[PDB]
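Engineer: Dropping the structure in here first, questions after.
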Amino acid sequence: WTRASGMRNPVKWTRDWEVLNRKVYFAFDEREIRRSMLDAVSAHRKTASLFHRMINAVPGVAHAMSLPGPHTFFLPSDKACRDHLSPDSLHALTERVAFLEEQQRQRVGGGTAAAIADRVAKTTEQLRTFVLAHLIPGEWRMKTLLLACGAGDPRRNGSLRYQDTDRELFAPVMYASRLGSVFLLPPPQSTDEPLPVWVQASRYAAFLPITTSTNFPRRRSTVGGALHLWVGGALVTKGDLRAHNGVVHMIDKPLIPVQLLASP
Amino acid sequence: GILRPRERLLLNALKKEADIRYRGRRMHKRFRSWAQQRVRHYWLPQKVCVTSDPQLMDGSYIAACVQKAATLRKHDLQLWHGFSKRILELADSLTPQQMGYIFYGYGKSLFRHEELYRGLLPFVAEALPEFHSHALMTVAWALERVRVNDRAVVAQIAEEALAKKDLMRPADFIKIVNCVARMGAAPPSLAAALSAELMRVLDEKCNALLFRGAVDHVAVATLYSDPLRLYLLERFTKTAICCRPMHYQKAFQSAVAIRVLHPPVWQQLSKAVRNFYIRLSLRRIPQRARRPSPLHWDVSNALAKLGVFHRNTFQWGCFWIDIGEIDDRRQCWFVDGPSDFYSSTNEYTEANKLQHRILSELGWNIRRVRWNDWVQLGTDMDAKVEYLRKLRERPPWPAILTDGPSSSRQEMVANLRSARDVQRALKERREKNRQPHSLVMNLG
Amino acid sequence: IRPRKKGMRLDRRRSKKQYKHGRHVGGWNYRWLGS
Amino acid sequence: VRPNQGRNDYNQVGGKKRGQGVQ
Amino acid sequence: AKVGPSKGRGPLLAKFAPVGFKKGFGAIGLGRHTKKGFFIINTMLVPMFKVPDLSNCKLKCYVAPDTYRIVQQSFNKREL
Amino acid sequence: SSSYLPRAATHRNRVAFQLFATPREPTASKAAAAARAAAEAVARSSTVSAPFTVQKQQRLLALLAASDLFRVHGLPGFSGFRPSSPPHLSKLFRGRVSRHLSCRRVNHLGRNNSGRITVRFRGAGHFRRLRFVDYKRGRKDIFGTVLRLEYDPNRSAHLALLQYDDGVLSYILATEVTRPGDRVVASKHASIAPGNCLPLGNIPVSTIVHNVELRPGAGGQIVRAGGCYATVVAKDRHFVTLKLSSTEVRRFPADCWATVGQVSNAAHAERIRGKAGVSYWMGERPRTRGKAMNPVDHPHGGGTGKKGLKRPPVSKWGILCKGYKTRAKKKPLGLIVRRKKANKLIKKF
Amino acid sequence: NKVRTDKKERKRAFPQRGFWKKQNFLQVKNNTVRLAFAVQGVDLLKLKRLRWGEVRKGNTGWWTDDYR
Amino acid sequence: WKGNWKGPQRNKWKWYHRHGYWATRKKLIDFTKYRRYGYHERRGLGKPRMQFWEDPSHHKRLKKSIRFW
RNA sequence: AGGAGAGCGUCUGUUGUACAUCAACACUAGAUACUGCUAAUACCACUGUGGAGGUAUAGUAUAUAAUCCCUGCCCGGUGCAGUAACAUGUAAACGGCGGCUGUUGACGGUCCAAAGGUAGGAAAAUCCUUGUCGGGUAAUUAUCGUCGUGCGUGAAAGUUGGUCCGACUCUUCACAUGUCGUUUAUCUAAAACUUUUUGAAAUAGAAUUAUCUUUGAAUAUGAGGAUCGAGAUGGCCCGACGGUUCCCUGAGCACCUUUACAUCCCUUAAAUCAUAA
RNA sequence: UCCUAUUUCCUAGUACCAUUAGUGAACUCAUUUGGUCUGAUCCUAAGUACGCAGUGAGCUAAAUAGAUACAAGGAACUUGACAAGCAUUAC
RNA sequence: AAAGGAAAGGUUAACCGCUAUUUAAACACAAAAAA
RNA sequence: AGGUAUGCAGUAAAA
RNA sequence: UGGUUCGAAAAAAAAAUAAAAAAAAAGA
RNA sequence: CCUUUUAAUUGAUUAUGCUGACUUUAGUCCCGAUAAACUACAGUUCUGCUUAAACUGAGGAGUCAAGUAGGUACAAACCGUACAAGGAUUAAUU
RNA sequence: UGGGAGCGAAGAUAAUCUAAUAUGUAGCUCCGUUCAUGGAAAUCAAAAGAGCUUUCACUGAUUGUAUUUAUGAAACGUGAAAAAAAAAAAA
RNA sequence: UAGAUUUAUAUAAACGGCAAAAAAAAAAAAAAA
RNA sequence: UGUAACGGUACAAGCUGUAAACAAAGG
């Protein structure tokens with residue numbers, strides 16, 4: 001009998017480092033998630049309000065996003081939509097989402113009435129196209145995307161591995177002697193153009209040697225980390241929101257399809 | 001029961017990762033104590049409802065309500081302005097205990113309503129003979145925290161504490177002396193009397209936990225006498241073990257101020273004490289996060305547009321510098337906001353003057369920006385650039401920081417409102433400039 | 001005695017059996033203090 | 001596993017323990 | 001026996017028991033356990049020692065040997 | 001077992017209601033009007049009225065049979081282990097049972113409140129969860145969609161996750177022809193289609209049913225195992241006669257509800273285990289023969305070398321176990337019309 | 001144990017040829033003690049080796065007697 | 001024996017919960033038998049009679065029956 | 001623990017801790033029987049619990065077991081089912097499956113019976129001093145194959161087989177070989193002898209306790225006769241029926257069986273109120 | 001005036017009880033040197049930049065337990081290839 | 001496939017609960033009712 | 001995949 | 001760093017122990 | 001003394017008797033795995049096995065037992081020894 | 001508590017065995033012992049009589065029950081001990 | 001009987017339904033002590 | 001009532017309760 005716990009855990013774990021490495025694999029790559037992609041979207045509804053509303057108000061979209069097939073959903077934020085969409089486009093999107101919600105609420109509760117069906121059909125098709133433009137076949141996790149873009153390849157990761165800065169300009173008291181590859185993802189479900197993905201070095205990478213032991217040989221976004229993953233011209237802000245049937249990646253720009261874009 | 005082998009492996013790995021997560025989580029909790037203290041011997045035994053109609057409140061009820069709201073962080077503007085109105089109506093009928101609790105609530109909540117303090121102070125002065133230690137301490141403490149300066153009344157409170165020395169609590173006396181020093185209200189005779197009494201209070205009545213509160217660099221520099229300075233600096237070496245980063249920081253600042261402005265006292269110290277403070281100068285004293293204010297950021301933006309390299313909000317020695325230029329490191333700037341002066345006046349605080357003098361004597365060429373003048377520029381950038389250039393083209397400021405012109409509460413309120421409007425406009429037109437707004441959808 | 005039986009047994013002093021015997025240091029016919 | 005599983009009081013409904021907030 | 005108070009072991013103590021055994025020695029309580037493993041202390045419950053000003057006190061632990069003679073004579077003068 | 005909800009909640013001989021109503025309207029009169037409207041809508045939608053027979057089941061099954069990107073990229077799984085089919089192609093869900101509709105199973109391990117073994121040959125087995133399946137189909141006149149089919153470790157049949165039109169989730173027994181996307185309803189006006197639940201008095205003769213209530217509103221109790229089904233033989237005003245999977249003909253009150261179709265997973269009996277370990281996982285323990293023991297341990301035990309039974313077969317407790325009837329003679333037959341005979345006689349006659 | 005409740009006396013009823021002396025461990029411990037004393041200017045080993053009534057100041061001995 | 005040898009265990013939790021003071025109280029045994037380290041009902045004589053030369057002002061006989069404030 | 005084979009169990013498993021690791025038990029599967037749900041069965045406070053929060057593709061009971069081909073005849077007996085009772089059914093229900101004679105006898109006679117043991121193994125874990133013939137050997141009470149000669153066995157209380165398996169019982173070939181004719185050399189020791197340290201045990205009626213030959217409660221250190229110089233130490237076990245943990249019997253005990261007897265519990269058969277209609 | 005917000009937040013001295021933080025079955029047990037040796041793991045090791053541990057003295061008898069090496073023969077042994085033997089040998 | 005965690009706590013949401021409630025500690029700081 | 005630092009009640013969701 | 005404490009969850013009570021002494025007028 | 005009586009449960013070479021003491025076997029069996037030196041002018045014996053770092057922002061990756069098993073004079077004594085803020089900021093004093 | 005109440009065995013005798021004896025005993029639970037148990041006749045007896053209840057001796061190991069073993073302070077009665085009936089319609 | 005007199009010995013029974021925790025909503029719920 | 005645990009006392013099979021062997025002379 002004992003009540004020791006925490007740092008005095010009486011469980012005799014193995015110390016074998018190879019077994020612990022296998023445990024790492026099982027605990028991270030092969031971990032099981034109960035929730036679904038829409039569960040994650042709802043959890044982040046306050047930051048992704050517009051897309052949450054569209055998913056819940058456009059018929060068929062929820063059914064498509066709740067299917068077993070492993071999927072990857074690139075979720076834009078309301079901030080991203082506001083920043084990148086023109087004011088008129090944002091107003092139109094808000095008005096149409098509100099219209100669908102209002103028709104749904106009417107269901108809960110001449111030619112003018114006939115036109116309502118046509119408008120509903122048009123709005124549903126357009127918003128379904130928009131929302132499904134972010135759904136991609138397969139489960140593409142963040143590290144897989146980075147390794148596909150080439151980060152981690154010793155032959156290609158140059159310009160991302162040895163970033164340095166003019167140190168004396170930022171940590172002068174320590175430098176008195178100085179004081180003197182585009183990967184392609186399958187097309188969205190509603191389009192045929194495959195999605196380009198690339199990687200870049202963040203502004204924070206250059207400062208690593210100032211505060212870390214290094215073994216080197218002979219505007220800018222504020223998102224954290226050393227590497228930035230760009231998908232279709234949009235930056236991933238929060239990745240690996242894993243689910244049971246896919247993964248959600250948060251992005252800072254909406255991937256509007258060419259059909260919905262205005263040519264002039 | 002049994003599990004399928006895949007399930008066994010997955011759950012075992014989850015357990016291992018949970019253990020490692022716990023171990024990693026507890027790594028930085030050096031100063032996490034499972035045993036914790038909570039102060040509750042100031043809570044009154046009577047019950048009150050804070051939202052009750054003020055017209056039914058008396059002094060005893062309103063004071064308790066104010067203190068309870070301050071404790072519970074119920075910072076509602078309507079509620080506290082009703083409190084102010086009712087308290088001003090009841091000014092004639094408050095005891096020193098009730099006035100002390102009211103001042104505690106106002107100061108603790110940092111409710112910067114100058115009119116209430118101004119209207120309550122005359123009754124405090126009149127009733128001073130009946131005041132007790134806690135009430136005197138609380139009045140001084142709240143005034144110091146909110147920057148409501150009344151030197152005559154503060155001096156009267158200190159004199160009352162001296163007269164009631166045999167009844168004053170040591171902590172209350174220490175706080176009163178610190179507040180007097182910070183408000184600059186003691187002429188030399190009162191300063192000498194306070195130092196003489198504080199010496200005996202600390203030597204006879206205060207253990208380490210009470211004494212460490214006496215270590216304040218402003219008081220050491222401007223108020224304490226030489227024997228008191230020597231005693232304080234010697235005693236800190238003995239009482240360091242029980243101190244916290246704030247106490248260490250104030251001790252270090254006191255030592256630097258004595259060294260820079262009182263070399264005779266520094267030399268009158270002993271070699272062991274001097275060694276203690278030299279070794280203290282080598283330690284990493286935990287600071288707390290500081291960031292440029294909106295006014296600081298506006299000044300930095302104007303300076304950068306002018307074309308002067310600079311750095312912001314950094315620590316040199318035992319001081320924090322607002323702006324430190326890079327090309328000529330000795331040139332530095334300070335952006336002075338409403339809280340750097342006393343309410344309704346352009347008179348600098350004692351801490352600000354002490355820091356200015358110490359940095360100037362250590363070599364810094366200081367220049368200063370006043371929000372009262374900056375706000376009159378508006379949102380214009382050319383005007384701000386010209387302002388900063390003209391300031392640069394002029395000599396640095398003397399080692400002694402002189403106060404600005406006279407002002408009034410009316411002008412202070414007007415300038416605060418103008419600063420609010422300018423902040424709003426600048427933030428709006430910053431974020432709008434950031435937003436691209438280039439995607440046009442043919443959805444219609 | 002194990003938990004299941006302990007959960008159903010009662011303490012010795014919950015009855016009067018303790019006072020119905022005369023066992024003592026001197027024998028089996030204890031004369032109580034105060035007779 | 002549960003020594004008191006069969007008792008009349010095992011997993012009894014109600015009680016002051018679980019009815020703290022009930023008026 | 002091999003466990004218990006026999007062979008001079010006496011009553012059980014946390015020193016001799018496994019971790020989890022709870023047994024103090026008679027100290028007063030000074031606070032409350034929280035719901036998350038903490039303990040909030042209340043200094044109002046600290047006993048207050050009442051000590052008089054011992055400075056300038058002519059009394060001492062013992063009494064001089066002559067006091068017996070002095071008091072005995074002073075009482076005999078009354079009794080006689 | 002009784003380790004779940006207490007007796008006060010589980011035991012009720014006479015159920016006073018058969019419709020679990022969840023009205024939305026503010027008043028009782030408007031609730032009644034809405035219920036009538038819903039019943040009329042179900043009646044309007046109902047079109048199929050012919051019996052659902054074995055042959056129609058076969059035709060539907062034949063019709064159903066006639067009618068690389070999707071993976072975790074960069075995820076090299078186990079060296080040898082792999083699921084039999086990916087989630088988007090497996091017949092069953094491949095996921096986890098809903099937590100809100102299930103609880104941990106209390107494993108009694110064949111021991112009663114006395115702690116002694118009463119049910120022999122029981123083992124721990126794999127950990128299991130009890131899931132709350134709606135045997136009542138209490139919600140009437142509301143359509144629901146079958147979203148997925150699920151495995152159940154305590155039950156020989158498959159379960160189906162039903163999402164009612166208002167968002168309520170429940171688990172029901174799945175029929176042999178139940179597929180994701182199916183629409184189901186419980187009502188007296190419902191069409192005769194598999195999965196629908198109707199009173200036995202509204203189901204035409206020759207129809208195949210399952211999950212039959214012994215008492216109205218008390219939840220189906222008869223015909224539950226995978227592949228089992230019962231046939232409607234005759235109907236009168238108050239009683240309906242059913243032929244059961246055991247070849248027993250029994251009458252049921254016309255107000256007892258039932259579901260149309262055969263119980264899913266008719267291939268359960270075709271499973272081959274291959275080794276003792278599969279039964280060990282399933283929760284079995286070795287069965288020692290009576291004649292392998294000593295005479296003190298079984299009536300068949302004893303005797304140098306191997307021997308025969310030396311008497312007509314009896315159990316551990318001295319009861320004939322080959323042809324000896326055990327139903328209480330005085331217990332009335334009640335609604336039982338005719339009870340089956342021995343399988344040898346059935347197959348020889 | 002010190003209370004003599006164990007059964008360790010049972011083996012001591014039989015002869016053994018010898019016993020390990022643990023001299024490596026004991027000498028490490030002794031030299032640790034000697035270093036602790038010596039850093040303060042004490043010759044513990046010399047004190048332990050002194051004859052009864054013998055006085056030797058500093059690091060002196062028979063060799064000092066010989067050469068003086 | 002088979003493999004590693006296992007004998008009677010020394011378990012403080014088990015011993016104290018099964019054979020301690022309260023467990024012995026709950027047992028059904030002869031409680032008139034003297035137990036050195038446990039409950040028993042072999043009652044003692046109490047404080048003996050005072051010798052004729054002792055001080056009655058200091059002789060004591062009762063503790064609980066006369067317990068005042 | 002290799003190559004080539006046989007027997008028993010299919011197999012991986014369980015297994016008597018401390019004389020039995022096996023051919024014994026279990027096992028995947030094929031069957032039979034009971035059970036309509038407050039199910040049967042089990043526990044035996046019984047309006048309770050496990051069964052099972054399961055519902056005849058389920059649960060319980062009893063055999064036989066995994067793969068292939070097969071699984072003959074008998075309901076006379078016993079049990080069970082069936083019916084008011086019969087009739088009748090049920091053997092993968094418990095069980096059983098001939099004798100004396102004529103023509104080596106296809107084919108007859110006669111008695112008996114419910115049926116008269118079928119197919120297939122077969123000198124066998126059954127029979128037995130080493131059955132006939134063949135391979136291996138110089139020599140084959142062994143082993144394999146074969147005959148069906150002798151004794152016989154025998155069909156889900158299962159018959160005959162294919163492959164693989166076993167700390168199982170056996171046959172054979174090969175290998176370097178101290179297993180052997182038959183032993184020797186060197187070295188070490190939880191081996192022995194001396195010494196230092198230090199110290200038991202089983203046993204003991206008493207002993208100053210010889211060999212031959214005899215006698216004797218019948219195989220004597222002690223009794224008759226004859227003969228004979230003895231103590232310790234090292235070794236060896238001829239004797240001292242050497243010392244200490246198998247067989248019969250009692251007006252003794254314990255456990256097991258049931259067409260031994262008696263009693264009790266249960267299930268039937270009933271009875272009795274609740275109980276009025 | 002192009003950072004996704006330019007958002008005040010260090011450690012209130014701290015109830016009671018446990019701990020010898022290392023080698024090591026360190027437990028039950030007792031012919032109990034606590035600690036060496038007898039097995040995996042735990043430090044990118046020329047065994048981890050000198051670590052942990054090391055118990056009276058003698059002495060050619062045989063017998064025994066082992067280790068090594070056996071000429072030529074090669075199972076002739078034995079109930080039985082039990083036990084042994086091979087699985088090293090120019091480089 | 002043999003079909004596997006959800007009590008208390010933290011996070012987010014919601015919230016007309018309460019000194020059973022963050023020092024009578026401190027730092028920082030263009031900052032805020034009504035009119 | 002027990003509970004982490006103003007603390008008692010209290011609903012939902014979930015790497 | 002653990003126990004304690006909330007949960008698991010337990011009168012399934014470790015004799016000489018406690019957030020555990022008659023339980024708010026507490027005199028701030 | 002003698003006399004009379006005594007219910008003393010009154011006589012022991014023996015119950016593989018009971019509780020003990022003391023002989024014989026006998027000065028016999030029993031002695032666990034590797035050991036040396038510490039010096040008449042410098043030093044580094046040999047062997048078995050290898051987690052022996054003890055701050056580098058991290059309580060140094062556990063549980064359990066010793067009812068205190070590595071403190072201390074060639075001690076089976078006396079005395080002493082588990083500090084969660086690690087107290088020596090003792091770069092002091094001299 | 002060999003007193004009183006409830007439930008209630010076997011070893012032993014019967015030379016096995018059954019009844020009966022052991023025994024209404026042991027264990028278990030409950031009263032708590034003269035300030036108690038009990039009790040002032042719808043009693044017992046003979047055609048005469050006794051006079052609540054209780055203890056002792058005799059009648060007597062009788063008449064009985066058990067029918068191989070044993071059990072049996074029987075009833076009436078006789079000689080003694082103790083002696084009691086009932087304060088009390090209110091005030 | 002001058003004062004003082006720690007802790008354990010699970011006690012609202014100086015008392016009344018039984019029944020866990022010296023006494024627990026009705027019912028389920030069961031008894032030779 | 002009885003007993004015990006710790007503590008004090010000659011570190012105790014005695015005595016004793018933090019007032020732990022003694023107050024007897026108080027407006």
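Each chain of the structure tokens is named A, B, ... in the order shown, its residues numbered from 1; ligands are numbered from 1 in display order.
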May I have the residues within 10 Å of residue 2 in chain L as a VMD selection string, using only C-alpha atoms (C1' of nucleotides) and disregarding those fewer than 5 positions away in the same chain?

Structural biologist: (chain K and resid 7 to 9) or (chain M and resid 7 to 8)

Engineer: Go ahead and write the selection's residues with N, CA, C and O atoms (P, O5', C5', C4', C3', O3' and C1' of nucleotides) as a PDB file, in the first residue's frame.

Structural biologist:
ATOM      1  P     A K   7     -17.630  12.134 -15.795  1.00  0.00           P
ATOM      2  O5'   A K   7     -17.426  12.894 -14.407  1.00  0.00           O
ATOM      3  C5'   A K   7     -18.348  12.740 -13.335  1.00  0.00           C
ATOM      4  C4'   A K   7     -17.634  12.562 -12.018  1.00  0.00           C
ATOM      5  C3'   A K   7     -16.835  13.760 -11.521  1.00  0.00           C
ATOM      6  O3'   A K   7     -17.639  14.705 -10.835  1.00  0.00           O
ATOM      7  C1'   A K   7     -15.499  11.812 -11.392  1.00  0.00           C
ATOM      8  P     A K   8     -17.631  16.254 -11.260  1.00  0.00           P
ATOM      9  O5'   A K   8     -16.326  16.843 -10.562  1.00  0.00           O
ATOM     10  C5'   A K   8     -16.235  16.951  -9.149  1.00  0.00           C
ATOM     11  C4'   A K   8     -14.809  17.158  -8.706  1.00  0.00           C
ATOM     12  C3'   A K   8     -14.078  18.325  -9.357  1.00  0.00           C
ATOM     13  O3'   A K   8     -14.349  19.570  -8.735  1.00  0.00           O
ATOM     14  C1'   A K   8     -12.738  16.394  -9.506  1.00  0.00           C
ATOM     15  P     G K   9     -14.522  20.900  -9.620  1.00  0.00           P
ATOM     16  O5'   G K   9     -13.063  21.179 -10.195  1.00  0.00           O
ATOM     17  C5'   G K   9     -12.006  21.563  -9.330  1.00  0.00           C
ATOM     18  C4'   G K   9     -10.657  21.437  -9.995  1.00  0.00           C
ATOM     19  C3'   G K   9     -10.406  22.330 -11.199  1.00  0.00           C
ATOM     20  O3'   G K   9     -10.076  23.663 -10.848  1.00  0.00           O
ATOM     21  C1'   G K   9      -9.698  20.135 -11.693  1.00  0.00           C
TER      22        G K   9
ATOM     23  P     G M   7     -14.934  14.958  -2.900  1.00  0.00           P
ATOM     24  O5'   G M   7     -14.345  14.298  -4.226  1.00  0.00           O
ATOM     25  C5'   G M   7     -14.751  14.749  -5.510  1.00  0.00           C
ATOM     26  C4'   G M   7     -14.171  13.895  -6.610  1.00  0.00           C
ATOM     27  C3'   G M   7     -14.299  12.393  -6.436  1.00  0.00           C
ATOM     28  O3'   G M   7     -15.586  11.896  -6.747  1.00  0.00           O
ATOM     29  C1'   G M   7     -12.109  12.916  -7.140  1.00  0.00           C
ATOM     30  P     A M   8     -16.117  10.557  -6.038  1.00  0.00           P
ATOM     31  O5'   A M   8     -15.164   9.419  -6.609  1.00  0.00           O
ATOM     32  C5'   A M   8     -15.088   9.179  -8.005  1.00  0.00           C
ATOM     33  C4'   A M   8     -13.948   8.260  -8.361  1.00  0.00           C
ATOM     34  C3'   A M   8     -13.876   6.947  -7.602  1.00  0.00           C
ATOM     35  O3'   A M   8     -14.845   5.993  -8.022  1.00  0.00           O
ATOM     36  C1'   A M   8     -11.737   7.906  -7.665  1.00  0.00           C
TER      37        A M   8
END

Engineer: Applying 9 Å and only C-alpha atoms (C1' of nucleotides), which residues near range 44-52 of chain O remain after dropping the ones on its own chain fewer than 2 positions away? List them as a PDB file with N, CA and C atoms (P, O5', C5', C4', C3', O3' and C1' of nucleotides), in the first residue's frame.

Structural biologist:
ATOM      1  P     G O  39     -47.154 -18.866  39.648  1.00  0.00           P
ATOM      2  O5'   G O  39     -47.962 -18.490  40.967  1.00  0.00           O
ATOM      3  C5'   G O  39     -48.147 -19.440  42.005  1.00  0.00           C
ATOM      4  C4'   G O  39     -48.772 -18.806  43.220  1.00  0.00           C
ATOM      5  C3'   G O  39     -50.015 -17.969  42.967  1.00  0.00           C
ATOM      6  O3'   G O  39     -51.189 -18.753  42.847  1.00  0.00           O
ATOM      7  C1'   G O  39     -48.526 -16.754  44.332  1.00  0.00           C
ATOM      8  P     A O  40     -52.632 -18.055  42.772  1.00  0.00           P
ATOM      9  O5'   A O  40     -52.967 -17.723  44.292  1.00  0.00           O
ATOM     10  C5'   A O  40     -54.166 -17.047  44.653  1.00  0.00           C
ATOM     11  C4'   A O  40     -54.578 -17.379  46.065  1.00  0.00           C
ATOM     12  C3'   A O  40     -55.730 -16.545  46.619  1.00  0.00           C
ATOM     13  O3'   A O  40     -56.527 -17.346  47.489  1.00  0.00           O
ATOM     14  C1'   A O  40     -53.828 -16.249  47.977  1.00  0.00           C
ATOM     15  P     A O  41     -57.873 -18.032  46.947  1.00  0.00           P
ATOM     16  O5'   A O  41     -57.499 -18.499  45.471  1.00  0.00           O
ATOM     17  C5'   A O  41     -58.457 -19.141  44.637  1.00  0.00           C
ATOM     18  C4'   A O  41     -57.815 -20.142  43.708  1.00  0.00           C
ATOM     19  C3'   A O  41     -58.785 -20.899  42.810  1.00  0.00           C
ATOM     20  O3'   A O  41     -58.156 -21.200  41.566  1.00  0.00           O
ATOM     21  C1'   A O  41     -57.670 -22.432  44.224  1.00  0.00           C
ATOM     22  P     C O  76     -49.111 -33.656  45.796  1.00  0.00           P
ATOM     23  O5'   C O  76     -50.057 -34.562  46.704  1.00  0.00           O
ATOM     24  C5'   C O  76     -51.449 -34.641  46.448  1.00  0.00           C
ATOM     25  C4'   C O  76     -52.073 -35.837  47.124  1.00  0.00           C
ATOM     26  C3'   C O  76     -51.935 -35.903  48.636  1.00  0.00           C
ATOM     27  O3'   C O  76     -52.851 -35.070  49.324  1.00  0.00           O
ATOM     28  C1'   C O  76     -51.406 -38.005  47.714  1.00  0.00           C
ATOM     29  P     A O  85     -53.035 -15.562  55.670  1.00  0.00           P
ATOM     30  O5'   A O  85     -53.943 -14.392  56.259  1.00  0.00           O
ATOM     31  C5'   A O  85     -54.553 -13.435  55.406  1.00  0.00           C
ATOM     32  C4'   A O  85     -53.566 -12.396  54.939  1.00  0.00           C
ATOM     33  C3'   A O  85     -54.159 -11.074  54.474  1.00  0.00           C
ATOM     34  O3'   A O  85     -54.436 -10.199  55.556  1.00  0.00           O
ATOM     35  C1'   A O  85     -52.514 -11.822  52.925  1.00  0.00           C
TER      36        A O  85
END

Engineer: Could you work out how far CA of residue 134 in chain A lies from CA of residue 197 in chain A, giving the answer in Å with one decimal?

Structural biologist: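 So the answer is 13.6 Å.
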
Engineer: Can you tell me how far CA of residue 222 in chain F sits from CA of residue 239 in chain F, in Å to one decimal?

Structural biologist: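 Pair CA of residue 222 in chain F / CA of residue 239 in chain F returns 16.1 Å.
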
Engineer: Identify, on the basis of only C-alpha atoms (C1' of nucleotides), every residue whose closest approach to residue 17 in chain Q does not exceed 10 Å; exclude the query and any residue fewer than 4 positions from it along the same chain; express the result as a list in words.

Structural biologist: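 Near residue 17 in chain Q, the qualifying residues are residues 4, 5 and 6 of chain P; 7 and 8 of chain Q.
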
Engineer: List the neighbours of range 16-18 of chain K out to 12 Å using only C-alpha atoms (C1' of nucleotides); skip same-chain residues closer than 3 positions along the sequence, and give me the result as a list in words.

Structural biologist: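 In the requested format, the answer is residues 49 and 72 of chain B; 21 of chain K; 7, 8, 9 and 10 of chain L.
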
Engineer: Using C-alpha atoms (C1' of nucleotides), can you write the selected residues to a file as a PDB file, in the first residue's frame?

Structural biologist:
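What landed in out14.pdb:
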ATOM      1  CA  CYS B  49     -25.373  44.958   0.001  1.00  0.00           C
ATOM      2  CA  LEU B  72     -14.281  42.055  -4.716  1.00  0.00           C
TER       3      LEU B  72
ATOM      4  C1'   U K  21     -13.191  35.960  -2.797  1.00  0.00           C
TER       5        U K  21
ATOM      6  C1'   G L   7     -11.854  30.229  -3.378  1.00  0.00           C
ATOM      7  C1'   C L   8     -16.637  28.014  -2.617  1.00  0.00           C
ATOM      8  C1'   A L   9     -21.138  26.597  -5.672  1.00  0.00           C
ATOM      9  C1'   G L  10     -22.505  25.503 -10.848  1.00  0.00           C
TER      10        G L  10
END

Engineer: Can you pull out the residues contacting range 146-152 of chain I? Cut-off 10 Å, using only C-alpha atoms (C1' of nucleotides), and skip same-chain residues under 6 positions away; I want them as a ChimeraX atom specification.

Structural biologist: /I:122-124,126-128,131-134

Engineer: Give me the residues near residue 346 in chain B as a PyMOL selection string, where near means some atom within 9 Å (using only C-alpha atoms (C1' of nucleotides)) and where sequence neighbours in that chain fewer than 3 positions away do not count.

Structural biologist: chain B and resi 338+340-343+372+403-407

Engineer: Taking 6 positions as the minimum chain separation for residues in the same chain, which residues sit within 9 Å of range 54-68 of chain G when counting only C-alpha atoms (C1' of nucleotides)? Answer as a VMD selection string.

Structural biologist: chain G and resid 43 46 to 47
